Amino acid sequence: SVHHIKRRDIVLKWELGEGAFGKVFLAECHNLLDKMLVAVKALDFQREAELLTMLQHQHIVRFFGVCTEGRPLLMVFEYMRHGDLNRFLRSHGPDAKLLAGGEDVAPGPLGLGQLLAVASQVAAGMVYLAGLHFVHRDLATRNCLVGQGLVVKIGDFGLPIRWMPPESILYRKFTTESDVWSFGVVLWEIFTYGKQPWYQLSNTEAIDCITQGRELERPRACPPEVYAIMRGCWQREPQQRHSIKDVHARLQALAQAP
């Protein structure tokens, strides 16, 4: 049951970005729980809207429903103030510069506790998805969002070969194990402050690496116990990869006393 919202309630403020299938706006929304700030996507989709009303968890971006009074078609989510995880990582990071939100999260590297908190949070969402035998197919920092207080949530569902395991690239097999592999890559992105996997290489060269069994470099940040978790996710054989529940456990263990 999709919550339908009225147009008069949603007043657009400014545009945040432009994603795959249209504009994303910051908005005031009235009478949704008083007036608060939400993120509104724009221009079937009812299949997707039902899915998002189905998938509720602490670490999946809150979906508040749709507006299909007039056009174009609106999907209303919570405003995740800091935007996507990829650009947030990058905004902190060695030689970066923060352009806003420094009052909430300090300018500069995040350091081990905060990076482990980021990894944990993503993993928590993946545990939820594995619980429902749901396969993401595109887990990546660009598809996570970051709100007030450094709280991180899986942001989008639906090519991304550098995050995929060999069975997904060669055979198009997507499973909860191929998502675990991607989560290993997400760990790498977090611990490199948002570098692209195989940044050195063309798309074709990176497929060749992945399929020949070459492992992404250990990041300069990375403690050996964190790099171990990545390698847990990257076993050539799907069967042999750590479960996402095990991975979340380990991460939450490290996050206290890093």
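So that there is no doubt, residue numbering starts at 1 and follows the sequence shown. We call the rigid core the largest set of C-alpha positions that still match within 1.5 Å between the two forms.
Colleague: After a core fit, does 44-52 or 202-210 show the bigger CA gap to the shown form in 9 other deposited structures of this protein?
Modeller: This comes out as 44-52, the stretch further from the shown form in 9 other deposited structures of this protein.
Colleague: Do the Cα atoms of 18-26 or those of 236-244 sit farther, on average, from the shown form in 9 other deposited structures of this protein after fitting on the core?
Modeller: Larger mean C-alpha displacement, comparing 18-26 and 236-244 in 9 other deposited structures of this protein, is found in 18-26.
Colleague: Counting only other entries that model residues on either side, is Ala117 absent from the coordinates in at least a third?
Modeller: Across the other compared entries, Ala117 is absent from none.
Colleague: Of the other PDB entries compared that resolve residues on either side of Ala140, does at least a third omit it?
Modeller: In all of the other entries, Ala140 has coordinates.
Colleague: Look at the stretch from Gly158 to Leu159 and count the residues of the deposited sequence that the entry does not model, then pick none, 1 to 3, 4 to 9, or 10 or more.
Modeller: Per the record, 10 or more deposited residues are absent between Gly158 and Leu159.
Colleague: What size is the break between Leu43 and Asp44 in terms of deposited sequence residues left without coordinates: none, 1 to 3, 4 to 9, or 10 or more?
Modeller: Per the deposited record, the segment joining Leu43 and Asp44 lacks coordinates for 4 to 9 residues.
Colleague: Averaged over C-alpha atoms, is the B-factor higher for 192-200 or for 217-225 in this PDB entry?
Modeller: Taking the mean B-factor of the alpha carbons in each, 217-225 is higher.
Colleague: Would 204-212 or 55-63 have the larger average of its C-alpha temperature factors, as given in the entry?
Modeller: Averaged over C-alpha atoms, the B-factors run higher in 55-63.
Colleague: Going by the entry, which of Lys97, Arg71, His133, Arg87 has the most elevated CA B factor?
Modeller: Each of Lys97, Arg71, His133, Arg87 was compared by C-alpha B-factor; the highest is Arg71.
Colleague: Taking the C-alpha B-factors as the PDB entry records them, is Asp179 in the lowest, middle or highest third of its chain?
Modeller: Lowest third of the chain for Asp179's C-alpha B-factor.
Colleague: Please place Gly113 in the lowest, middle or highest third of its chain by C-alpha B factor as given in the entry.
Modeller: Top third by C-alpha B-factor.
Colleague: Determine, from the deposited record, the chain-internal third of the Cα B-factor for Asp138: lowest, middle or highest.
Modeller: Its C-alpha B-factor, which the entry lists for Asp138, ranks in the lowest third among residues of this chain.
Colleague: Is the Cα B-factor recorded for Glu167 in the lowest, middle or highest third of its chain?
Modeller: Its C-alpha B-factor belongs to the lowest third of this chain's values.
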